[PDB]
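As you go down the protein sequences, you meet chains B and A in turn. Residue numbers for the first sequence, in the entry's author numbering: 326 to 363, 366 to 433, 435 to 440, 443 to 447, 450 to 579. Residue numbers for the second sequence, in the entry's author numbering: -27 to -17, 5 to 309, 321 to 413, 421 to 516, 524 to 940, 953 to 1062. C-beta atoms are modelled at their ideal positions from N, C-alpha and C, and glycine is treated no differently.
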Amino acid sequence: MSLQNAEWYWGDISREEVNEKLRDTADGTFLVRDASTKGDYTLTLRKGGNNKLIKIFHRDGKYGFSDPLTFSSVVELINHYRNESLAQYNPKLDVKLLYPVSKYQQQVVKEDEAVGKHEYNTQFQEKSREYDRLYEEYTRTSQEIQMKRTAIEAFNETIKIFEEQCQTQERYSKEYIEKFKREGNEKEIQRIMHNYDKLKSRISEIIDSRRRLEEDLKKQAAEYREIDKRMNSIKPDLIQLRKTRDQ
Amino acid sequence: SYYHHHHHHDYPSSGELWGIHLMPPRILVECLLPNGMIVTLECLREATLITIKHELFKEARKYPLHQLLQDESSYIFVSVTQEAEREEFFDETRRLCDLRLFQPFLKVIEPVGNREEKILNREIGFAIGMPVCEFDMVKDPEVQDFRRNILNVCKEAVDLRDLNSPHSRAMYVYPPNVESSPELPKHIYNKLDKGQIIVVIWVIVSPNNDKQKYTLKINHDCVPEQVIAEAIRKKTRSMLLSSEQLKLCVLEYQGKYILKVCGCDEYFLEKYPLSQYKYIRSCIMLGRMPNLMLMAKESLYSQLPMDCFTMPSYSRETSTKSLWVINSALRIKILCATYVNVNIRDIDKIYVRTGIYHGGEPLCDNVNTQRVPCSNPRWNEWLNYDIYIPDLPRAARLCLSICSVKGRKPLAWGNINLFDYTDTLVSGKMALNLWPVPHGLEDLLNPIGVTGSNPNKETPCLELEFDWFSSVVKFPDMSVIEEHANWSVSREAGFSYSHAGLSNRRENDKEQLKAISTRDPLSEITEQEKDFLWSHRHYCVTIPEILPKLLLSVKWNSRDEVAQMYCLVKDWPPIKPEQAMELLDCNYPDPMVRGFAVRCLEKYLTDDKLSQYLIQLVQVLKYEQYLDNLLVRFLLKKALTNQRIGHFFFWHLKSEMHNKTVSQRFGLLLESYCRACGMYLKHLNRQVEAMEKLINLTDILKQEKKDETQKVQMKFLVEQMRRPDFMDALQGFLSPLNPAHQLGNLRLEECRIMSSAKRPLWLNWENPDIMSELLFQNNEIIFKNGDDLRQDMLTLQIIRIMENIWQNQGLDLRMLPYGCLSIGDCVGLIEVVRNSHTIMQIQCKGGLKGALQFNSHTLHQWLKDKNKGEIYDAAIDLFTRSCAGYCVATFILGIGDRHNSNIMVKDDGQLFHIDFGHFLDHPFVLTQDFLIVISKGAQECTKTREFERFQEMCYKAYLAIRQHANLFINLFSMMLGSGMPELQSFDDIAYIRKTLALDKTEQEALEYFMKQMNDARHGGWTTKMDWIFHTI
Ligand SMILES: COC[C@H]1OC(=O)c2coc3c2[C@@]1(C)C1=C(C3=O)[C@@H]2CCC(=O)[C@@]2(C)C[C@H]1OC(C)=O
């Protein structure tokens, strides 16, 4: 008893394991852990959005943070600063040890695969398999989309170039259509107008080719926002298993 | 590398037209003539533009208005490329299928902007993989300033290249490939055992390409000048001649000749001792005779075309308050978002979360009210931060998101620099386009992500209002911060005692407690230690290597402390480049800190080591706040000083161009590099063409309904490679794996699609060097398209570094860190190691009996053959040595799921270790086969003397890497920036922190490792049954 089974004594756990337990947690959240070189113990206190590692020094059967080691049981030390402010150890730490982590949350597990089990561990795999599926389809679509966007830009430049070609052949035809009607020379005017009607028709073809791409793009854009919508539905449920599942 | 590591014991996707991978053998192309008419011409897909034009103007004479046409040569083609630009094609030698056309059409114009040259440097566009001129109208002044201000660096580099015209230009193009230290480790020196070496020197004689040689025996520490001098003395012996004439001859012709390695483009252009050249040292290692080619300087110098660097087209007092006069607390107004993508299944609501950050964060971050129907994202509220504005550190930034977690009883993110590249504190209305959340992340904020608005405007878009004070607010100058530091240092001694941890300056001798410089970069520091360190900051200037720890002790949200830190940093003793690199990762955003780091590098990094850690230094460019900084200046300058450095600088930057969070920064950088690199751009363009054809080729084979039987895919491959456009593109260019290797003509018969799952390309080039095959090699590379090759790359780098540490401690363990280069989004090249086979391939061969009968002794039997008696001892030693190396590196790095197809052996006994993929978990092998090769004896080989020596190499090697943990921690740390799944956060690096003991003693570590190893378990699969599926 005493230290070994206090709510806030986790001992076993590592540096990473604490950081997950103190994520976005209010100021005053704490746990005690075994030191990585076994004083023997480490306090991890939340202040200002950070996780403060404070050593507990064990010299001659007495505990504390610095050389006037007043306390003598660790539980005596930690409980002191549950009621008293930490400001009497370094003024900048005006906070109190307000919130334990508690190694009682929701079954003695982790001691003895599917054997030591099983229901919504398997549900995770399914939601995690689907999250994979969607995120893949999601990034493919995203890049698909980008390709179309640069294709639309390519069409715009293409059309612009073909538009210029009419503005080119009306500059050159206009002063030849009126030069050939001097010679009473038609049918030659017919060949000149044949090219005009190929070029004009070609512009409609390209313009339509783009428009077709445009209504495919906004359709994909709609499809993309949908993938995202479905993904943001699975994120805050995939984590709510991890919470129920592991601990 | 040189010899195939063979010891001599006896001594947005691409592709040809839009929507189509491969354009048909014949196609119709529309030609828009300048007289206004459109004529369709039937073209072969490999038709050059010269002949297409020739055809166009032939057939135009049949269409109306033919007389308004000028001569054939008065015009140039213009079209739209699938990158959406109007390209003018000046190189009419280019084939139709090579122009990256969007549509099969050309336009005929008269060359306007008549600066054929500036426009022609469209070669930059191609190398970069982006049209230069997308830059030309970006608008962001930071960008446009970067383009202008970085040209200085180009000018200096280009000048520092003509400082001594012919020689310094040679040095740039062919830099000495040399080790960092002249001093020669015992075991390597002892391979000479007189302190001298036998070298063969080759000369190509009068046009007959006849090859005389000269064998010289020379002191290993001779400069190239003196080897040449000894070559003169030899030749001159035969002619008799008087001494004095003999003496005058050497004296006046030494510096008239040049040494080249036979069979690759490496030169000995500098006065380093011979054995400091990586090739000579490697020769000693391999038990090879150095083959060098003797050559007149004039013949090298005459064939270095260079000169042209031109300054490009882009070469053209207000109200200012000081930041620390602003008397208010920091607040930021959150207006509204355009939209976020959630249905409303359950209105877990939307809120903007914000934080003020230094990578680690200067304050408690806050959310706005969950004021949301998701229908309308609107808050319109000022958020109040508990940090005084004057306390804001220079690299302060705001990191925000819109998200969700859930209450018992994500979404989109973005980062903003609170200061400009001009030191202006941001004020006024500001719109920010948000970024999609990274795959393996759910942290509400992502402060390690990039800074600035998402380029893609079709995204959620947050609107913010920053405070406006009477005028422009600026960060104070150093020449004012300094004054404030000195003032507050003067206040310290006037205090009475103080009862607060960040206390003092006598200084006691208990400060042996500052042997925590010895502790690794992720050892982490108690608050007591943070306060202890800061109290003694002045005694630290005597233990320079604590700087990173002290820096993590500083309160960055305190102007008083930060000012003092700048003072200390300003005249801090220099630290070894290894330690300086730590200071360029994400934990050290402050520009003063990084400036110090870059200054160490400018002073103590050899070009050798820069090459070794380039991968990391490129990555670290992403953590820089601003485009223009001292690290880009440093790297870019070295890249433009040393073409070997420059080459990989190019490919490391190019390989990430697809990544939009980095495109602009890297493209900009690449642009300045390409503009100033000189003639190598031409060689780079050849490499990019080659790679693009390969990418396009293996795309067809990978999707475009090509999943038929291997034989079918081989028919297609053989047809495509014979086509002239492919022949031209994939022959006669430098190897991106090592630019010193010329890749000549393909050997088509040797080129294959491998019949693995991944079916990569195996390509084979001739070596076009005069002294090649008969003295060096032919050239094999795997083209991998589909698998991310960055992990392999990193692993192979670490292996090379590991080998370095051991080899320089006189611990002779041989690794095989073969070439591997990622060149794009899951595209890469892998060096082929010749004369090697997988354990499996060996086991399957006869085993001097037949069929597929093996057993545990087969490996040893195979090596005993191949190294028939007397050379044998070497083979066993090489195997034992290399095996040890990989046994330890594998364990340290957590490279698991090894097996007999993962591990290869060479004819000479060397072992390695291919196809890495997975990293730190995300173990310990020793198969019985290997146990039997070490030793020779039967089932008893876990208690042989050979096994004990083997275990000793393992202990000694483990401890060596352990002693250099710090390098490795920092190397992995710098690599956190990229998109490696196995390296998303510091907690991933923790793995090697455990594998090497680190939080234990050397004595506890050795014991921990011993334990890991004396377990190990051994055995192996052997005909008996199920060596295929592994049943029992
Ligand atoms: C297990 O898949 C081996 C093999 O096939 C692959 O798809 C693959 C996945 O990365 C690699 C490979 C290959 C291509 C494999 C290389 C390698 O590392 C080796 C690296 C060193 C070397 O010589 C290579 C090229 C041989 C080669 O295998 C042979 C020929 O057995």
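Report yes or no: do the stretch 859 to 876 of chain A and the stretch 926 to 938 of chain A share at least 3 C-beta pairs separated by less than 8 Å?
No: the two stretches stay apart, fewer than three of their Cβ pairs being nearer than 8 Å.
Among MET1004(A), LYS655(A) and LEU719(A), which has the Cα closest to the Cα of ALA775(A)?
Cα-wise, what sits closest to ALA775(A) is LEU719(A).
Run through chain B and tell me which residues come within less than 7 Å of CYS692(A), C-beta to C-beta.
Within 7 Å Cβ-Cβ: nothing; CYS692(A) doesn't reach chain B, min ~22 Å.
Which residues, in chain order, does the stretch 984 to 995 of chain A contribute to contact with chain B at a C-beta distance below 9 Å?
Residues: none.
Helix, strand or coil: how does DSSP classify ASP390(A) here?
DSSP places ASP390(A) in strand when its eight states are reduced to three.
With a threshold of 7 Å, establish whether the CB of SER840(A) neighbours any heavy atom of ligand 1.
No - ligand 1 has no heavy atom lying nearer than 7 Å to the Cβ of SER840(A).
For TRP335(B), which of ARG562(B), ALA360(B), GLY353(B) and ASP349(B) has the nearest alpha-carbon?
That would be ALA360(B), whose Cα lies nearest to the Cα of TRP335(B).
Please list, in chain order, the chain A residues whose beta carbon lies closer than 8 Å to that of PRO568(B).
Those within 8 Å of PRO568(B) in chain A are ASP352, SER408, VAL409, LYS410 and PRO421.
Quick one: grab the DSSP three-state call for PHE734(A).
The answer is helix: DSSP assigns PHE734(A) an H, G or I state.
Any beta carbon from chain B within less than 8 Å of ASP806(A)'s own beta carbon?
With 8 Å as the cut-off, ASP806(A) does not count as an interface residue toward chain B.
Check whether the stretch 453 to 466 of chain A and the stretch 492 to 506 of chain A touch, using three or more Cβ-Cβ pairs below 8 Å as the test.
No, because fewer than three Cβ pairs between the stretch 453 to 466 of chain A and the stretch 492 to 506 of chain A fall closer than 8 Å, the two stretches do not touch.
Establish whether the CB of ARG542(B) and some CB of chain A are separated by less than 8 Å.
With 8 Å as the cut-off, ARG542(B) does not count as an interface residue toward chain A.
Is it buried or exposed, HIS878(A), if we count other Cβ atoms within 10 angstroms and call 16 or more buried?
Its Cβ being crowded by 16 or more others within 10 Å, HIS878(A) is buried.
What are the boundary residues of the beta strand (DSSP E) that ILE800(A) is part of?
Its beta strand (DSSP E) spans residues 797 to 803.
Output yes or no for whether 8 Å exceeds the beta carbon distance between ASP646(A) and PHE128(A).
No, the Cβ-Cβ distance between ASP646(A) and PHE128(A) is not below 8 Å.
Only counting runs of 3 or more residues, tell me where the beta strand (DSSP E) segments fall wholly within the stretch 715 to 783 of chain A, in order along the chain.
DSSP runs (the beta strand (DSSP E)) wholly in the stretch 715 to 783 of chain A: 751 to 753, 756 to 761 and 779 to 783.
Checking contacts by CB at 8 Å: is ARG349(A) closer than that to chain B?
Output row for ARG349(A): interface = yes.
Can you give me, in chain order, the residues of the stretch 93 to 105 of chain A that have a beta carbon less than 9 Å from any beta carbon in chain B?
Residues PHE95, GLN96, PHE98 and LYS100.
Could you tell me the distance, in whole angstroms, from the CA atom of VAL151(A) to the CA atom of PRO835(A)?
Roughly 34 Å between the two C-alpha positions.
Going by the DSSP bridge assignment, what does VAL192(A) pair with across the sheet?
Paired residue(s): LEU209(A).
Against chain A, with Cβ distances strictly below 8 Å, would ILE535(B) count as a contact?
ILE535(B) does not count as touching chain A.
Rounded to whole angstroms, how far is the Cβ of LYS672(A) from the Cβ of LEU648(A), which I believe are closer than 8 Å?
Not confirmed; about 23 Å, so no contact.
List the endpoints of the continuous beta strand (DSSP E) containing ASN660(A).
Taken as a continuous stretch (DSSP letters only), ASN660(A) belongs to no beta strand (DSSP E), as it is neither H nor E.
Taking Cβ positions only, does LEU25(A) come closer than 8 Å to chain B?
Yes, because at least one Cβ of chain B sits closer than 8 Å to the Cβ of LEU25(A).
Classify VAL151(A) as helix, strand or coil using the three-state DSSP reduction.
Correct three-state label for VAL151(A): helix.
Following the continuous beta strand (DSSP E) through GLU443(B), name the residue where it begins and the one where it ends.
Looking at the DSSP string, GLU443(B) is not in any beta strand (DSSP E), and its letter there is neither H nor E.
Hey, which residues come within less than 6 Å of ligand 1, measuring from Cβ to any heavy atom, in chain order?
Any residue whose Cβ sits closer than 6 Å to a heavy atom of ligand 1 makes the list: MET772(A), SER774(A), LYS776(A), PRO778(A), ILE800(A), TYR836(A), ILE848(A), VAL850(A), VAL851(A), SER854(A), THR856(A), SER919(A), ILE932(A) and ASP933(A).
Compute the distance between the beta-carbons of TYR1021(A) and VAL906(A), then report whether it is under 8 Å.
The answer is no: Cβ separation not under 8 Å.
On the three-pair Cβ rule with 8 Å, is the stretch 168 to 180 of chain A touching the stretch 268 to 288 of chain A?
The answer is yes - the stretch 268 to 288 of chain A touches the stretch 168 to 180 of chain A, with three or more Cβ pairs under 8 Å.
How would you call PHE1059(A), buried or exposed, if buried means at least 16 neighbouring beta carbons within 10 angstroms?
Exposed.
Name the one or two DSSP bridge partners that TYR334(B) has.
DSSP output for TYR334(B) lists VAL357(B) as bridge partner(s).
Can you give me the C-alpha to C-alpha distance between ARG832(A) and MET820(A), rounded to a whole angstrom?
Approximately 10 Å, taken between the alpha carbons.
So the alpha helix (DSSP H) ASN410(B) belongs to, where does it begin and stop?
That run of the alpha helix (DSSP H) goes 402 to 410.
Closest to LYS594(A) by C-alpha separation, out of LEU623(A), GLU579(A) and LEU586(A), would be which residue?
Of the candidates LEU623(A), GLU579(A) and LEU586(A), the one whose C-alpha sits nearest the C-alpha of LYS594(A) is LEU623(A).
Please check if any C-beta of chain B sits within less than 8 Å of the C-beta of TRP11(A).
Closer than 8 Å to some Cβ of chain B, the Cβ of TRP11(A) qualifies, so yes.
Could you check if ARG693(A) is buried or exposed, using at least 16 other CB atoms within 10 Å of its CB as the buried criterion?
Looking at its Cβ environment, which holds 16 or more other Cβ atoms inside 10 Å, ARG693(A) is buried.
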